[PDB]
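What follows is a short report on a single structure.
Whatever order the structure lists ligands and atoms in, that order sets their numbers, starting from 1. All heavy atoms count here, side chains included; hydrogens, waters and symmetry mates do not. Here is the naming used below: chain letters follow the sequence lines, and residue numbers restart at 1 for every chain.
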Amino acid sequence: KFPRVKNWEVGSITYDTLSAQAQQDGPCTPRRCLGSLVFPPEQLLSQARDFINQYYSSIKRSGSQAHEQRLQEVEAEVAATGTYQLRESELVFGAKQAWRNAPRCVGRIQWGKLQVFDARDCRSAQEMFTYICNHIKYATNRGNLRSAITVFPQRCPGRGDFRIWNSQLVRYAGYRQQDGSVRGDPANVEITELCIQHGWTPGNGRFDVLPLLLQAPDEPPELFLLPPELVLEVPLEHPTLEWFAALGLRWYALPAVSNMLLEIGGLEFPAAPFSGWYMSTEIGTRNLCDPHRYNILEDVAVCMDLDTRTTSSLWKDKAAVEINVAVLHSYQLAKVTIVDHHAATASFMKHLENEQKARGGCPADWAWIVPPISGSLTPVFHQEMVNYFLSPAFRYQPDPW
Amino acid sequence: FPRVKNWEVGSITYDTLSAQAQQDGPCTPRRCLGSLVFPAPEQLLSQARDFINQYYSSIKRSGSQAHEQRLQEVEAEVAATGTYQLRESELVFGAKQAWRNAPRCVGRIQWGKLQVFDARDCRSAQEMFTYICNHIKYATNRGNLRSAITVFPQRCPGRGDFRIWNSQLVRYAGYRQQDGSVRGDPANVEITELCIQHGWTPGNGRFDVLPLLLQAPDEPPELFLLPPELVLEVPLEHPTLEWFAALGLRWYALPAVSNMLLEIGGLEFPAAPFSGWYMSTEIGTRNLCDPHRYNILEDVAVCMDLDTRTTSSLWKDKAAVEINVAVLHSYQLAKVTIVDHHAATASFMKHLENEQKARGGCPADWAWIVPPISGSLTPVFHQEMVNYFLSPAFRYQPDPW
Ligand code: HEM
Ligand code: HEM
Ligand SMILES: CNCc1cccc(-c2cc(C)cc(N)n2)c1
Ligand SMILES: CNCc1cccc(-c2cc(C)cc(N)n2)c1
Ligand SMILES: C[C@H](O)[C@H](O)[C@H]1CNc2nc(N)[nH]c(=O)c2N1
Ligand SMILES: C[C@H](O)[C@H](O)[C@H]1CNc2nc(N)[nH]c(=O)c2N1
Ligand SMILES: [Cl-]
Ligand SMILES: [Cl-]
Ligand SMILES: [Gd]
Ligand SMILES: [Gd]
Ligand SMILES: [Zn+2]
């Protein structure tokens, strides 16, 4: 009942005892495996109790002093109000633990290093905007990127929700034409359609930074133009392919996910944007080369005079490596923090080992940890992984419309 | 009914065929073990009952004359003998089906074009060897490879199993070295040692083809050398890197897996070697670049003048891509069937469509279907998949030593 986990490069074996804690049921049954799919009153007290017992054991404070104390004041807080507020340190410990538990995150070696901005006293979209702008400018930090999460007020009934309607704080526009097809990013066509539907002047280009749609409780959302000086972008050039610059490609510095629902101790914050720094294959492989994304693969391959007539020339593979080389080169030249998929996976192997020592395991979604290029060249490929849900966590959540 | 999205297009289907998944896999709602490499007359009757049902569905004669008799026949035979015998056409259909049902085979567009050699009358290790040479000979076909399988006598009470001890009909010796390392293929150290123990005179090259260890029932395994001219190999060169030929690398033409058990209607064939043709990534990425295999990646990158001192230069990705180029080119130059990961994955997408119209789904192991380089460059990356066990099937089995 303790999963045997092997690494096929070294031969080492470990057991994931930590898997025994899994709260929210996963999508997989004995009869079918759905791991490859992307999106598969006083119950609050169970999750509240568990999270507090975590915190105190983590500060080597099990069964003493403030432990039983803090247990009572949340027993009382929920008793009176039907909810509870987190101690500042707990909201910090929960944000760090959610990141620690995100199975699909390959950068969790960094999980202990996170800056939590507390926006729990937020009211109105104009309020979030400055909180977001503080985060953004803090996280960006002139390119020396720093992980951060801004936690907006939790959720209560009879009130609306705090929601950032964008999936990320920096997203590129996507525009249709007299022929349906898209200029810009097709992953944002919808929110790009909303932003114009809420009165934003649409640009022309293929790299217009979208305006934020911020929503305050029980209130239709307000458009916000991000300060251009606040959106650090990296023009993409290639170290030795002088024409790559001419392709006019750019990506933004800050990967800030603004659509996931932080969940700590049974409290659900539908607006808790977190941000780190990119891994280069996110940009160079998925964002630019996915056929439903910028789909630049063939364009770059033409410019390299590759043979696009036969699949076995590996022109796709060759042009994709160069797009990734441009990404890493351009971010480094702009001194923007970025990590290549080799460095990143190797650190994750280091993380798995730390977590084996610390908590006897680590929930890891194999298919998202293995990078989208050069899979078996990175060690995580040869590492078996166990996927389960631990709390606290980042969860997906419905689009706020 | 699991809903399955294709993210490249937006396609959405529901895998109704998963509902017939008979045997159980390793995943629970608690934890996903997808990424793990290695996850009574009445039961023999229901398996047989079902397969016979299957077979009569395929010949468009479901519930017909022959259908009832075969059920009662098989039951009377199982009652009388404890087991039953497949008719030859049932055997051809159960070997094709077991390839159809193989979740980890990207090459399943070919599942109906399968040459089934009935060796169920085999009598000794020696006859076994002859059947196998004729399999290799038929399949290799001078480089125009043909998919084939030889079904040796089924497991049955009172007699031990036929076994091919070798994991594949063509394998390269792996000699543990003086200084603790391996010469040849490290994946084949065990089987090499067994051969030597069984009186094989070892070589000392890197691409020494292994002898066959063939076990007739209730017999020690017997050692059989393959005629050199039966084992078509391909010397590896690069279309532009001319120093590449000086690496002395070779791979063989025929991927013939010989250690898997073939299951049809509850009957078990512990020896049924099957062969297709290679997908270049198996050779180019896995076999040559896995750190625990031939592990050539650094030597190629050094020879390529790549900067191997930083990972951000993507020297691993660049060097791997040219190794795969070399494999593809070397095999086309030698007129030996080979499919690249772009072509293979694109025909597997057709397979999934054909299988959806045919059976309402298709068992697929994403982590095995997605190639180990350039994953998201291929369409199967952006296809969600439902992995489950159908029968007939190729199963793993314990090594007979
Ligand atoms: C510091 C460097 C970081 C790196 C290099 C990194 C990298 C990644 C990558 C490559 C993914 C895969 C997602 C995709 O490809 O779509 C991912 C997912 C994820 N990351 Fe991290 N990340 C970092 C920091 C963080 C932080 C600070 C948080 C939160 C506090 C976080 C939370 C998550 C979550 C929840 C997911 C899963 C989201 C989803 O399923 O869409 N990451 N990360
Ligand atoms: C004709 C062209 C074929 C191609 C291109 C092909 C391709 C592949 C590949 C790439 C794998 C993954 C193996 C690995 O990555 O190590 C695989 C696995 C597998 N294939 Fe195919 N294959 C072909 C033919 C066949 C045939 C003829 C059969 C059976 C009659 C078959 C049954 C299987 C099975 C059972 C597995 C899983 C073996 C394992 O789990 O280790 N394949 N195939
Ligand atoms: C193409 N990836 C989209 C995507 C989807 C979800 C999350 C990320 C993410 C989040 C963070 C904090 C860092 C990072 N490097 N990535 C990215
Ligand atoms: C790195 N491959 C090892 C391996 C392991 C298991 C199966 C294969 C296989 C089998 C067949 C019939 C065709 C093919 N193309 N591959 C290969
Ligand atoms: C269909 C498949 O599950 C889906 O495309 C997943 C696979 N792995 C991934 N891995 C990462 N890091 N990001 C992704 O978007 C995906 N997509
Ligand atoms: C540990 C991990 O599951 C293992 O290396 C798997 C991953 N996916 C694979 N996919 C294929 N096709 N072949 C393999 O050998 C593997 N190995
Ligand atoms: Cl992104
Ligand atoms: Cl192989
Ligand atoms: Gd030119
Ligand atoms: Gd040359
Ligand atoms: Zn699973």
Exercise. Which of the numbered atoms in ligand 4 are below 4.0 angstrom from a heavy atom of B/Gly276?
Worked result: 12 (C)
Exercise. Near B/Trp277, which atoms of ligand 4 are under 4.0 Å from a heavy atom of that residue?
Worked result: 13 (C), 14 (C), 15 (N)
Problem set entry | atom 11 (C) of ligand 4 [closest protein heavy-atom partner, distance rounded to 0.1 Å] | B/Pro255 O, 3.9 Å
For this session: I would like to know whether A/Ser19 and B/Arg30 meet side-chain contact (heavy atoms from CB on, under 4.5 Å); could you show each step before the answer?
Result: CA-CA 8 Å; A/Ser19 41; B/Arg30 310 210 89 269; 5.9 Å; no
Exercise. Does A/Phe2 have its ring centroid less than 6.0 Å away from the ring centroid of A/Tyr15?
Worked result: no
Problem set entry | atom 7 (C) of ligand 4: the protein heavy-atom neighbour that sits closest, reported with distance to 0.1 Å | B/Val257 CG2, 3.4 Å
Exercise. With under 30° as parallel and over 60° as perpendicular, where do the rings of B/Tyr294 and B/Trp251 fit, or are they tilted in between?
Worked result: perpendicular
Exercise. Taking N or O atoms only and a 3.5 Å limit, does B/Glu282 qualify as a polar contact for ligand 4?
Worked result: yes
Problem set entry | atom 5 (C) of ligand 4 within contact range, any protein heavy atom under 4.0 Å | no
Seminar exercise, completed: From the list B/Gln215, B/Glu193, B/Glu190, side-chain hydrogen bond (donor to acceptor under 3.5 Å, both in side chains) partner of B/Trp401 resolves to B/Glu190
Seminar exercise, completed: Numbered in order shown, the ligand 4 atoms found under 4.0 Å of a heavy atom of B/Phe274 are 12 (C)
Exercise. By number and element, which atoms of ligand 4 are closer than 4.0 Å to a non-hydrogen atom of B/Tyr278?
Worked result: 15 (N)
Problem set entry | B/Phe269 ring center within less than 6.0 Å of B/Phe162 ring center | no
For this session: Over 60° means perpendicular and under 30° means parallel, so classify the ring planes of B/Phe244 and B/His238, tilted if in between.
Result: tilted
Exercise. About how large, to 10 degrees, is the angle SG of A/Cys28, then the Zn ion (ligand 11), then SG of A/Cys33?
Worked result: 100°
Problem set entry | Between B/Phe381 and B/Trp366, ring centroids under 6.0 Å | yes
For this session: With heavy atoms of B/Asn287 as the reference, note each atom of ligand 4 found under 4.0 Å away.
Result: 1 (C)
